[PDB]
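Have a look at the structure below before the remarks.
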Protein chains: 4
Amino acid sequence: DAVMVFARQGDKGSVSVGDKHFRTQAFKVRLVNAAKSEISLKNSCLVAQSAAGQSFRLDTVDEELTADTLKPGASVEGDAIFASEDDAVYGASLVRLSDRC
Amino acid sequence: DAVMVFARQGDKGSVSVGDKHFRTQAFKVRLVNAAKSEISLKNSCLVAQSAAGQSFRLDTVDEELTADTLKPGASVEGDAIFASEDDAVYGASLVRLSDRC
Amino acid sequence: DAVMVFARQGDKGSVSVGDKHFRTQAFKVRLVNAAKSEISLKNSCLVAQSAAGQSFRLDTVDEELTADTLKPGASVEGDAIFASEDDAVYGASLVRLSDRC
Amino acid sequence: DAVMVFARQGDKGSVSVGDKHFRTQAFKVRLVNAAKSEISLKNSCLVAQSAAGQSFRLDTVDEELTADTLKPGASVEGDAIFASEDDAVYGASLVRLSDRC
């Protein structure tokens, strides 16, 4: 009765504007409903984090990953790009769903 | 009189379901029998490990790598994906055959 | 009223001549003027740096990235390759524009 | 009056046979004679090393990189794969020519 989250580490990068800087870590994410009922994602969000429990904000995400619900057997996929001001986001090793959004 | 194991580090990733999380390290593996006799793999398994001797469970493996035997000169290849709950598996640097399966 | 700098970490490398050695980190860089006025880059330069503020010299850069100005909505892109004598440049995680050139 | 050595870090890997294991780091190497005279490479060899000066044996190399000489303007390229028993070779960041072969 929970959505399955598959992530693969992608490109590392940065964004700078004047003296405002941040680092980025991209993941290719696939969400899969392997249960027998429709699961709502409306009050859920994607969080990337280190094994120590440090989490990182989502900077940009492909529209497909923001589906409100996932019917049984349905799958959505796309890129999700997380950020930190420093280089901490490079240690993000897990993408998961939170309901604290 | 042992099978040769060639591995190349591939993608780093993760799998999450509810609050059950793990990290993944993929390798492309090739097994080669460079001896003069057939070698049995029936009671052998692929293990990934760090240089310090810490080993990691095999989460998924391509069917081709689970051949029961390898005749002389035979070669099989495919992906093998190992896991840890935390990010330890990212230090797996060796794939080898164990007979403790 | 500042140019936006998008960078993605690319190849790691080295250059050696006799006993003169250095390490290289490439980035794909895109510069974007998202403001309403033309912005001059004539006295600006690309700097790569670590989160701790350690910066690295630019060894080579694609001609497209050395435009003197960027009109509104204009974008230029190319590779930029930064260097260190030791392996410090591998921790460069940000490309930004400096006006101290 | 020295050959120029350009290297780019490639795949990380391993080789195992029975309980004999090693780790591998591949580089794409290009050798370039940018001088005005023919330079002999007959008593030279490719060495990979860390910034601290730790060096690693050459396990395999493409035939093209073992040219005996390089005439003016000549260039040769190919892959070179270096090894360590443990995972030290993963810190090799420089390929250079030695005359101690």
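Counting neighbours? That spans all protein chains shown, and the Cβs are built from the backbone with ideal geometry, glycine included. What follows is calculated from the coordinates using simple rules that are stated; it is not laboratory data.
Data table
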item	result
Residue match in region C:44-58 (condition: in contact with an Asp or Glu (Cβ under 7 Å, 6 or more places away or on another chain) and outside any strand (DSSP E or B))	yes
Given (1) within 14 Å of chain B (Cβ to nearest Cβ); (2) among the acidic types (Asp, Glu); (3) within 18 Å of residue C:15 (Cα to Cα); (4) over 11 Å from the mean Cα position of the chain (by Cα), index of the condition residue D:79 fails	(4)
Exclusive hit being in contact with a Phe, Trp or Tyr (Cβ under 9 Å, 6 or more places away or on another chain) and outside any strand (DSSP E or B), set C:95, C:89	C:89
Considering residues of region D:18-43 that are of a type in the set (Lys, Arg) and in a strand (DSSP E or B) only, the residue farthest from residue D:99 (Cα to Cα)	D:20
Residue D:2 vs. criteria more than 16 Å from the chain's Cα centre (by Cα), among the hydrophobic types (A, V, I, L, M, F, W, C) and in a loop (DSSP other than H, G, I, E, B)	no
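Yes/no matrix, rows are residues, columns are (1) surrounded by fewer than 17 Cβ atoms within 10 Å (Cβ to Cβ); (2) touching a helix residue (DSSP H, G or I) at 6+ places or on another chain (Cβ under 6 Å); (3) within 11 Å of chain D (Cβ to nearest Cβ):
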{"position": "B:3", "(1), (2), (3)": "no, no, yes"}
{"position": "B:11", "(1), (2), (3)": "yes, no, no"}
{"position": "B:21", "(1), (2), (3)": "no, no, no"}
{"position": "B:24", "(1), (2), (3)": "no, no, no"}
{"position": "B:31", "(1), (2), (3)": "no, no, yes"}
{"position": "B:37", "(1), (2), (3)": "yes, no, no"}
{"position": "B:41", "(1), (2), (3)": "no, no, no"}
{"position": "B:50", "(1), (2), (3)": "no, yes, yes"}
{"position": "B:54", "(1), (2), (3)": "yes, no, no"}
